[PDB]
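Undergrad:
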Amino acid sequence: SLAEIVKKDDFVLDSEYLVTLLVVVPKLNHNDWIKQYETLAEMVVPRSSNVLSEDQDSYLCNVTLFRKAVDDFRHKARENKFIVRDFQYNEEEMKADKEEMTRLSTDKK
Amino acid sequence: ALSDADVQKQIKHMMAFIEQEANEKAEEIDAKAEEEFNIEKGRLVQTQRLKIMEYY
Amino acid sequence: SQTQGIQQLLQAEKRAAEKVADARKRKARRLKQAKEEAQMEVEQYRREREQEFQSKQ
Numbered sequence: 165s166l167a168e169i170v171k172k173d174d175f176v177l178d179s180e181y182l183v184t185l186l187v188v189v190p191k192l193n194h195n196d197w198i199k200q201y202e203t204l205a206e207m208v209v210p211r212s213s214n215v216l217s218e219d220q221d222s223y224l225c226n227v228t229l230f231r232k233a234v235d236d237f238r239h240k241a242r243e244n245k246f247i248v249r250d251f252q253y254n255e256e257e258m259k260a261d262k263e264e265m266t267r268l269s270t271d272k273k
Numbered sequence: 002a003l004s005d006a007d008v009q010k011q012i013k014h015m016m017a018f019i020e021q022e023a024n025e026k027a028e029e030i031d032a033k034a035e036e037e038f039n040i041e042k043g044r045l046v047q048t049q050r051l052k053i054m055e056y057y
Numbered sequence: 003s004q005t006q007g008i009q010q011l012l013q014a015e016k017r018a019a020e021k022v023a024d025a026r027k028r029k030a031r032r033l034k035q036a037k038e039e040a041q042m043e044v045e046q047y048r049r050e051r052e053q054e055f056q057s058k059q
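Residue numbers (the deposited numbering), protein chains in the order written: chain 6, 165 to 273; chain Q, 2 to 57; chain V, 3 to 59.
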């Protein structure tokens, strides 16, 4: 779960035709992504090469591209060791689960 | 190499249908306005005509 | 595009919305005009048939 990691500033706001995919890319291919982000799908926003977070297996990053180009991106990117993390961000959608686990522990106590 | 050139290329490809299809939609709204203007000319006041011809 | 290109797309959609709103307002005003003018034509022909009614009398 990505409650504390990805935030609203890391997502396009009021996008008309643009989806910002959370394209996690390992260190084995991070530079390949940062130098191919635009050509990885048709009709991609130029210079939309941003980096957000990381983890033990890979370095999270996201690019902004066309709505119908999400499928093309997945086609051209699944074979590059890239991966897409389709996640929706909200304030209480993320906090309520931690609240529930903590409440579960407290009332269990 | 690409930079603002490919930016504006993407923008123009987007403008080919963001505002142009909107122009077709709204110009056809105007066409509907004129046609249904002619139809309101001859359906409601037409009943009014029928009623006052009935008075006569 | 990260700053200005997306803004251009957004403001172009705003211009499309402006065109749609303008066309809707034009249609509404067109039909109000239709009501008024057709009422006036019916009124004129009503005057004509009133005068012909007096003539018949």
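Beta carbons are placed, not taken as given, at the ideal position from N, Cα and C, and that holds for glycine.
Please report the Cβ distance between residue 31 (chain V) and residue 30 (chain Q), rounded to the nearest whole angstrom; I am assuming they are in contact, meaning their Cβ atoms lie under 8 Å.
TA: The pair is not a contact, with the Cβ atoms about 12 Å apart (cut-off 8 Å).
Undergrad: Using a beta-carbon distance cut-off of less than 9 Å, what residues from the stretch 209 to 241 of chain 6 approach chain Q?
TA: 209, 210, 211, 230
Undergrad: To the nearest angstrom, report how far apart residue 9 (chain V) and residue 176 (chain 6) are at their CA atoms.
TA: 12 Å
Undergrad: Would residue 11 (chain V) and residue 19 (chain Q) be called neighbours here (beta carbons separated by less than 8 Å)?
TA: yes
Undergrad: In angstroms with no decimal places, state the Cα-to-Cα distance between residue 180 (chain 6) and residue 17 (chain Q).
TA: 15 Å
Undergrad: With respect to the beta strand (DSSP E) encompassing residue 301 (chain 6), which residues constitute its N-terminal and C-terminal limits?
TA: Because chain 6 here runs from 165 to 273, residue 301 (chain 6) falls outside it and cannot be looked at.
Undergrad: For the pair the stretch 209 to 217 of chain 6 and the stretch 249 to 256 of chain 6, tell me if three or more CB-CB distances fall below 8 Å.
TA: no
Undergrad: For residue 12 (chain Q), does the three-state DSSP call read helix, strand or coil?
TA: Residue 12 (chain Q) falls in the helix class under three-state DSSP.
Undergrad: From which residue to which residue does the beta strand (DSSP E) around residue 184 (chain 6) run?
TA: Start and end: 182 to 185.
Undergrad: Check whether chain V comes within 8 Å of residue 10 (chain Q), counting only Cβ atoms and requiring the distance to be less than that.
TA: no
Undergrad: Residues of chain Q with a CB under 7 Å from the CB of residue 38 (chain V): which are they?
TA: What residue 38 (chain V) touches in chain Q: nothing, since even the nearest Cβ is about 10 Å away.
Undergrad: Contact criterion: CB-CB distance below 8 Å. Does residue 41 (chain Q) meet it with respect to chain V?
TA: yes
Undergrad: Need the endpoints of the alpha helix (DSSP H) that residue 7 (chain V) sits in, please.
TA: From DSSP, the alpha helix (DSSP H) with residue 7 (chain V) extends over 6 to 58.
Undergrad: With distances taken Cα to Cα, identify the nearest neighbour of residue 192 (chain 6) among 221 (chain 6), 256 (chain 6), 186 (chain 6).
TA: 221 (chain 6)
Undergrad: Counting beta carbon pairs with one atom in the stretch 35 to 48 of chain V and one in the stretch 41 to 50 of chain Q, are three or more of them shorter than 8 Å?
TA: yes
Undergrad: Can you give me the Cβ contacts of residue 182 (chain 6) inside the same chain, cut-off strictly under 8 Å, excluding the 5 residues immediately before and after it?
TA: Take residue 182 (chain 6), set aside five residues on each side of it, and the residues of its chain with a beta-carbon closer than 8 Å to its own are 176, 209, 228, 229, 230, 231, in chain order.
Undergrad: So which residues of chain V does residue 35 (chain Q) contact, with C-beta pairs closer than 8 Å?
TA: 32
Undergrad: Helix, strand or coil: which one does DSSP assign to residue 169 (chain 6)?
TA: coil
Undergrad: Quick check on DSSP: helix, strand or coil for residue 58 (chain Q)?
TA: Absent from the model: residue 58 (chain Q). The displayed extent of chain Q is 2 to 57, so no value can be given.
Undergrad: So for residue 214 (chain 6), helix, strand or coil by DSSP?
TA: strand
Undergrad: For the alpha helix (DSSP H) containing residue 250 (chain 6), name the first residue and the last one.
TA: No alpha helix (DSSP H) contains residue 250 (chain 6), which DSSP labels as neither H nor E.
Undergrad: Using a Cβ cut-off of 8 Å (strictly closer), state whether residue 57 (chain V) contacts chain Q.
TA: No, its Cβ sits nowhere closer than 8 Å to a Cβ of chain Q.
Undergrad: Let me know the secondary structure DSSP gives residue 234 (chain 6) once reduced to three states.
TA: helix
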